[PDB]
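Just so you know, the protein sequences line up as chains A and G, in that order.
Using PDB author numbering, the letters of the first sequence correspond one by one to residues 524 to 575, 583 to 605, 624 to 649, 658 to 682, 693 to 711, 716 to 760, 784 to 896.
Using PDB author numbering, you'd call the opening residue of the second sequence number 823 and step up by one each time.
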Amino acid sequence: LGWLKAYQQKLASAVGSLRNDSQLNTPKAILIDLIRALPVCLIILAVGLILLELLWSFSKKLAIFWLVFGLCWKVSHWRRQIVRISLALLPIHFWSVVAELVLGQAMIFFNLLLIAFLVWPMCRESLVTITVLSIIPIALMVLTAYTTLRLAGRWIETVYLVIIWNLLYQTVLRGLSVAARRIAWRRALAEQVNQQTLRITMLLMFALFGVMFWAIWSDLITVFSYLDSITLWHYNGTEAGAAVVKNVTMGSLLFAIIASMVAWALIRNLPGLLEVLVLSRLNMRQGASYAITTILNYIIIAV
Amino acid sequence: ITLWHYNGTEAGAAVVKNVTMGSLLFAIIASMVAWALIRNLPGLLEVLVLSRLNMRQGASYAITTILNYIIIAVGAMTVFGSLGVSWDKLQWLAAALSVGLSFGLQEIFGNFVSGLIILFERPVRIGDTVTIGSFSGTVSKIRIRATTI
Numbered sequence: 524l525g526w527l528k529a530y531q532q533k534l535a536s537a538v539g540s541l542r543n544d545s546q547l548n549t550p551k552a553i554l555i556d557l558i559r560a561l562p563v564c565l566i567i568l569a570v571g572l573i574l575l583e584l585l586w587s588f589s590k591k592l593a594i595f596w597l598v599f600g601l602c603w604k605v624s625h626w627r628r629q630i631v632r633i634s635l636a637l638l639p640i641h642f643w644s645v646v647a648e649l658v659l660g661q662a663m664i665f666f667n668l669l670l671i672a673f674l675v676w677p678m679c680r681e682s693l694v695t696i697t698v699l700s701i702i703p704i705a706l707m708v709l710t711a716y717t718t719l720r721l722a723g724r725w726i727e728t729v730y731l732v733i734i735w736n737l738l739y740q741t742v743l744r745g746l747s748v749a750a751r752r753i754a755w756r757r758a759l760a784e785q786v787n788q789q790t791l792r793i794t795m796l797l798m799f800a801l802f803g804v805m806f807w808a809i810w811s812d813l814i815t816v817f818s819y820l821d822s823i824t825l826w827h828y829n830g831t832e833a834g835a836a837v838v839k840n841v842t843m844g845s846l847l848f849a850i851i852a853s854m855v856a857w858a859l860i861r862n863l864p865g866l867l868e869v870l871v872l873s874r875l876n877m878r879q880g881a882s883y884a885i886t887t888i889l890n891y892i893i894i895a896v
Numbered sequence: 823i824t825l826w827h828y829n830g831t832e833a834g835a836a837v838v839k840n841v842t843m844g845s846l847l848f849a850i851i852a853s854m855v856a857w858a859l860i861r862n863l864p865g866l867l868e869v870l871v872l873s874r875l876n877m878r879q880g881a882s883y884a885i886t887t888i889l890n891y892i893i894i895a896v897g898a899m900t901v902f903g904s905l906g907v908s909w910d911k912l913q914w915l916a917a918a919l920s921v922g923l924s925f926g927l928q929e930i931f932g933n934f935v936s937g938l939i940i941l942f943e944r945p946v947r948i949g950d951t952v953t954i955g956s957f958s959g960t961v962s963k964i965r966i967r968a969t970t971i
């Protein structure tokens with residue numbers, strides 16, 4: 524911990540250096556924060572495994595929650629709110645662990669009401695995702711009075731996901747700022786360009802967040818099944834050498850629409866990303882840059 | 823109605839499918855709709871595209887004729903399929919005509935490939951003096967299709 528604190532202090536001292544700006548500074552800060560939070564998680568794991583499968587569930591849940599808490603700590625009023633949320637979220641983990649394997661229902665309802673009251677000031681201050699998440703706990707508390719436990723588990727997993735997504739938001743914003751400063755210095759030596790790369794990163798992060806959301810929310814597949822069972826028209830395709838009538842569905846139609854929109858967005862936001870990546874790293878002639886841009890455009894639209 | 827039948831393909835099996843008065847009326851309706859859309863094309867295009875965004879008259883005419891061509895082609899294809907259904911019969915003629923009539927794009931694709939090769943190899947740069955075909959001058963802009971001197 525002493526060496527970790529010394530490294531963190533050195534990184535804080537060397538913050539926003541013009542001659543030492545790099546995209547690795549944010550990853551180093553994230554690693555330092557993770558290392559700082561690691562001792563508390565290790566202590567929690569040791570406490571859980573001191574007497575040792584009921585206890586494994588609480589040990590794992592507490593370790594994960596404390597790791598998230600340490601990540602938030604190492605990265624004012626928000627700190628106090630995060631500290632206070634521990635008592636509100638403690639009984640949820642116990643209920644989830646119990647359900648994995658009279659007064660309890662009242663305690664759960666009181667905890668949900670307290671969580672809603674705590675989140676109400678945040679909703680008043682606040693965009694739509696936070697309000698939707700806050701409203702979901704109220705509906706879960708109303709419907710609780716077994717599946718509500720799984721709904722609450724999905725909700726807290728989604729909360730962890732959006733927290734991680736916002737952390738990555740800040741990280742990519744810092745990286746984009748560093749890259750923009752570097753390209754500005756290079757241009758001086760020799784915001785639409787940065788905006789195109791920002792949009793590409795936004796699309797990539799939205800895709801990753803949606804993939805994670807589908808990974809956690811694997812229970813509600815009825816909508817996907819309905820979209821994949823439209824059966825509009827069929828064509829005689831080949832399957833293992835056999836002529837089988839495969840029918841296209843609304844899922845296939847939506848997939849085609851999404852692919853076309855993604856291709857159009859990639860085509861429109863191509864030159865900014867190419868100039869940020871290839872031109873900045875290695876200088877090249879304008880003619881060669883134009884030729885490679887048009888080659889990429891052609892192959893992308895063709896595919 | 824079951825007027826006449828043709829040996830079509832269903833799940834890899836040769837099945838005699840018979841056209842009906844319903845198919846004939848569908849073909850007639852499709853042809854009439856295609857004709858009406860062709861006749862009432864430029865007004866709709868000027869109301870929608872021209873009003874929202876200003877464009878050159880030449881570009882508007884080109885897009886109008888492109889839309890007309892694709893619409894009449896798709897209408898003829900639908901009419902032929904809904905009455906004859908012989909795509910698997912005239913696909914060979916389509917391919918032969920396709921090559922015989924797409925040997926018209928050689929002069930364009932050669933231009934594009936030559937432009938790409940010139941851009942990659944850089945035999946001439948912007949600012950020098952070039953003479954070709956008794957046309958001496960300073961090259962100003964270089965593109966993938968044509969070069970300006």
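Note that the Cβ used here is the ideal one computed from N, Cα and C, for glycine as well.
With residue i as the anchor, note down where its beta strand (DSSP E) starts and where it stops.
i        : result
A/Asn829 : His827 to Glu832
G/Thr951 : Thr951 to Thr953
G/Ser958 : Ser958 to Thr960
A/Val837 : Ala835 to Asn840
Within the same chain, show all residues whose beta-carbon is closer than 8 Å to that of residue i, passing over the 5 residues directly before and after it, in chain order.
i        : result
G/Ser882 : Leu867, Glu868, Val871 and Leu872
A/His827 : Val838, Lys839, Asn840 and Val841
A/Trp735 : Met798 and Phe802
A/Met678 : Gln629, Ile696 and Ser700
G/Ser962 : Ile948, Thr970 and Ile971
A/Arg756 : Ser873
Rounded to the nearest angstrom, what separates residue i and residue j at their Cα positions?
i        : j        : result
A/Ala647 : A/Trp596 : 21 Å
A/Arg627 : A/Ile733 : 14 Å
G/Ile964 : G/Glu929 : 18 Å
A/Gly525 : A/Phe665 : 43 Å
G/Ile850 : G/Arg861 : 17 Å
A/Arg752 : A/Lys533 : 22 Å
G/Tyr891 : G/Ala917 : 19 Å
A/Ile809 : G/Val935 : 49 Å
A/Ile671 : A/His625 : 17 Å
G/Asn829 : A/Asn829 : 15 Å
A/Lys528 : A/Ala754 : 34 Å
A/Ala760 : A/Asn876 : 10 Å
G/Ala835 : G/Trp914 : 21 Å
A/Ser545 : A/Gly600 : 25 Å
G/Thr951 : G/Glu943 : 18 Å
A/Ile633 : A/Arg744 : 28 Å
A/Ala722 : A/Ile640 : 8 Å
G/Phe931 : G/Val907 : 34 Å
A/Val748 : A/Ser682 : 29 Å
Are residue i and residue j closer than 8 Å when you measure CB to CB?
i        : j        : result
A/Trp676 : A/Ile702 : no
A/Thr842 : A/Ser811 : no
G/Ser853 : G/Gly897 : yes
G/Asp910 : G/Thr969 : no
G/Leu863 : G/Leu889 : yes
G/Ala856 : G/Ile885 : no
A/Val598 : A/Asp556 : no
A/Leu820 : A/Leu847 : yes
A/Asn667 : A/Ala636 : yes
A/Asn787 : A/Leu746 : yes
A/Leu731 : A/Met663 : no
A/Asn543 : A/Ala552 : no
G/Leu941 : A/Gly880 : yes
A/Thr741 : A/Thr887 : no
A/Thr790 : A/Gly660 : no
Residues in the same chain with beta-carbon distance under 6 Å from residue i, minus the five sequence neighbours each way, listed in chain order, please.
i        : result
A/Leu592 : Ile567
A/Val563 : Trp596 and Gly600
Identify the continuous alpha helix (DSSP H) that holds residue i and give its terminal residues.
i        : result
A/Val563 : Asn548 to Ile573
A/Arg757 : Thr717 to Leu759
A/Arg627 : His625 to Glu648
A/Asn787 : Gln785 to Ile809
G/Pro945 : G/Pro945 -> no alpha helix (DSSP H), and no H or E assigned at all.
G/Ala968 : First-last for G/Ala968: undefined, no H or E at that position.
A/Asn890 : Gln879 to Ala895
A/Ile664 : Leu659 to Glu681
A/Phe817 : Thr815 to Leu820
A/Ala705 : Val694 to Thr710
A/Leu866 : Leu863 to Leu867
A/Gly600 : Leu584 to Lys604
G/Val921 : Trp909 to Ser924
A/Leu527 : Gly525 to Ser536
Give me, in chain order, the residues of the same chain whose beta-carbon lies closer than 7 Å to that of residue i; leave out the 5 immediate sequence neighbours on both sides.
i        : result
A/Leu796 : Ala858
A/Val698 : none
G/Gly937 : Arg965, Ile966 and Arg967
G/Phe957 : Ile971
Report yes or no: is there a C-beta of chain D within less than 8 Å of the C-beta of residue i?
i        : result
A/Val786 : The chain inventory of the structure shown lacks chain D, comprising the protein chains A and G.
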